[PDB]
Amino acid sequence: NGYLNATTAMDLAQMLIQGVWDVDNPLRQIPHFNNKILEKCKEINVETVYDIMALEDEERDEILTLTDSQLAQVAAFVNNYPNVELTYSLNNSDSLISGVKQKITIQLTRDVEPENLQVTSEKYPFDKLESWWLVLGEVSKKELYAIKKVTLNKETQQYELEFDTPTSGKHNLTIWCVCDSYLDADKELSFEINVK
């Protein structure tokens with residue numbers, strides 16, 4: 001359609017994949033986490049789950065006090081849960097012509113190259129392979145210009161969003177990289193372009 005509320009849909013999809021809301025808690029997402037144990041998680045000022053990727057064994061042990069299978073699952077989630085990075089590359093920042101097929105290359109990356117793209121959770125039993133959503137839209141207007149989904153089995157690749165540029169003057173474009181699988185990995189990067 002072109003409607004930027006696609007973002008909301010994407011967010012929802014993450015919830016479905018996992019089984020928890022976008023606002024509720026990033027930390028409850030992890031396979032076999034609970035509010036009792038989330039008391040001790042907020043103790044160490046853990047906002048994002050990327051904090052759990054940088055933590056080490058002793059702390060982890062202190063935190064979780066459960067059976068081994070659950071622990072293993074958690075570990076798996078952590079490992080295949082990737083720290084991705086967002087960098088774009090425009091062809092011609094001078095020659096911005098309105099109403100033209102303006103291709104824009106986007107080189108993306110992961111933390112660790114996936115052994116497989118096996119999405120894990122607890123509450124969603126049926127197996128899923130991880131997908132991503134590259135997005136481009138004007139935030140105030142809510143008009144989505146460029147979208148593509150990807151299956152990132154390399155550690156780093158380049159993807160081109162064959163999009164049509166907006167009308168004349170300034171346009172404050174913004175990008176996302178929403179994992180359809182996992183909550184709270186919404187990497188973004190806004191920028192300007194002046195069109196004639």
# chains A, B, ... in the order shown; residues from 1 in each chain; ligands from 1
$ residues_around --residues "residue 161 of chain A" --least-positions-apart "5" --cutoff "9 Å" --atoms "only C-alpha atoms" --output "PyMOL selection string"
chain A and resi 102-106+134-136+146-148
$ closest_atom_pairs --of "segment 144-173 of chain A" --to "segment 85-96 of chain A" --cutoff "12 Å" --atoms "only C-alpha atoms" --output "JSON lines"
{"residue": "A:155", "atom": "CA", "partner": "A:85", "partner_atom": "CA", "distance": 10.8}
{"residue": "A:156", "atom": "CA", "partner": "A:85", "partner_atom": "CA", "distance": 9.6}
{"residue": "A:157", "atom": "CA", "partner": "A:87", "partner_atom": "CA", "distance": 11.0}
{"residue": "A:158", "atom": "CA", "partner": "A:88", "partner_atom": "CA", "distance": 9.2}
{"residue": "A:159", "atom": "CA", "partner": "A:88", "partner_atom": "CA", "distance": 9.4}
{"residue": "A:160", "atom": "CA", "partner": "A:89", "partner_atom": "CA", "distance": 9.4}
{"residue": "A:161", "atom": "CA", "partner": "A:88", "partner_atom": "CA", "distance": 10.5}
{"residue": "A:162", "atom": "CA", "partner": "A:90", "partner_atom": "CA", "distance": 11.6}
{"residue": "A:163", "atom": "CA", "partner": "A:90", "partner_atom": "CA", "distance": 11.7}
{"residue": "A:164", "atom": "CA", "partner": "A:96", "partner_atom": "CA", "distance": 10.8}
{"residue": "A:165", "atom": "CA", "partner": "A:96", "partner_atom": "CA", "distance": 7.9}
{"residue": "A:166", "atom": "CA", "partner": "A:96", "partner_atom": "CA", "distance": 9.5}
{"residue": "A:167", "atom": "CA", "partner": "A:96", "partner_atom": "CA", "distance": 10.1}
{"residue": "A:168", "atom": "CA", "partner": "A:96", "partner_atom": "CA", "distance": 9.2}
{"residue": "A:169", "atom": "CA", "partner": "A:96", "partner_atom": "CA", "distance": 9.9}
{"residue": "A:170", "atom": "CA", "partner": "A:96", "partner_atom": "CA", "distance": 10.6}
{"residue": "A:171", "atom": "CA", "partner": "A:96", "partner_atom": "CA", "distance": 11.0}
{"residue": "A:173", "atom": "CA", "partner": "A:88", "partner_atom": "CA", "distance": 12.0}
$ select_by_dssp --residues "chain A" --states "alpha helix (DSSP H)" --output "count of residues only"
46
$ residues_around --residues "segment 120-125 of chain A" --least-positions-apart "6" --cutoff "8 Å" --atoms "only C-alpha atoms" --output "list in words"
residues 16, 17, 18, 19, 29, 30, 31, 32, 73, 76 and 77 of chain A
$ write_last_selection --atoms "C-alpha atoms" --output "CSV table (one decimal), in the first residue's frame"
chain,number,residue,atom,x,y,z
A,16,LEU,CA,3.9,-13.4,17.8
A,17,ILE,CA,7.3,-15.1,17.2
A,18,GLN,CA,8.2,-14.8,20.8
A,19,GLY,CA,5.1,-14.2,23.0
A,29,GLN,CA,11.7,-12.3,25.7
A,30,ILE,CA,14.5,-14.8,26.6
A,31,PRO,CA,13.4,-18.5,26.7
A,32,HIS,CA,12.3,-19.3,30.2
A,73,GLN,CA,18.1,-22.8,25.3
A,76,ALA,CA,21.3,-20.6,22.1
A,77,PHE,CA,18.9,-17.6,22.0
$ atom_distance --atom1 "atom CA of residue 153 of chain A" --atom2 "atom CA of residue 110 of chain A"
9.4 Å
$ residues_around --residues "residue 28 of chain A" --least-positions-apart "2" --cutoff "12 Å" --atoms "only C-alpha atoms" --output "ChimeraX atom specification"
/A:15,18-26,30-39,41-42,46-49,74,121-123,182-184
$ residues_around --residues "residue 131 of chain A" --least-positions-apart "6" --cutoff "7 Å" --atoms "only C-alpha atoms" --output "compact mmCIF listing (two decimals) with C-alpha atoms, in the first residue's frame"
# COMPACT_ATOMS: atom_id res chain seq x y z
CA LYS A 149 13.16 -8.66 3.57
CA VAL A 150 16.39 -10.64 3.86
CA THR A 151 17.73 -13.99 5.14
CA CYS A 179 14.00 -8.63 12.96
CA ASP A 180 10.62 -10.31 12.40
CA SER A 181 11.71 -12.93 14.92
$ select_by_dssp --residues "segment 1-176 of chain A" --states "strand (DSSP E)" --output "number ranges by chain"
A: 85-90, 101-102, 104-109, 118-119, 128-129, 132-138, 143-150, 156-160, 163-164, 169-176
$ atom_distance --atom1 "atom CA of residue 55 of chain A" --atom2 "atom CA of residue 79 of chain A"
12.4 Å
$ atom_distance --atom1 "atom CA of residue 137 of chain A" --atom2 "atom CA of residue 117 of chain A"
27.4 Å
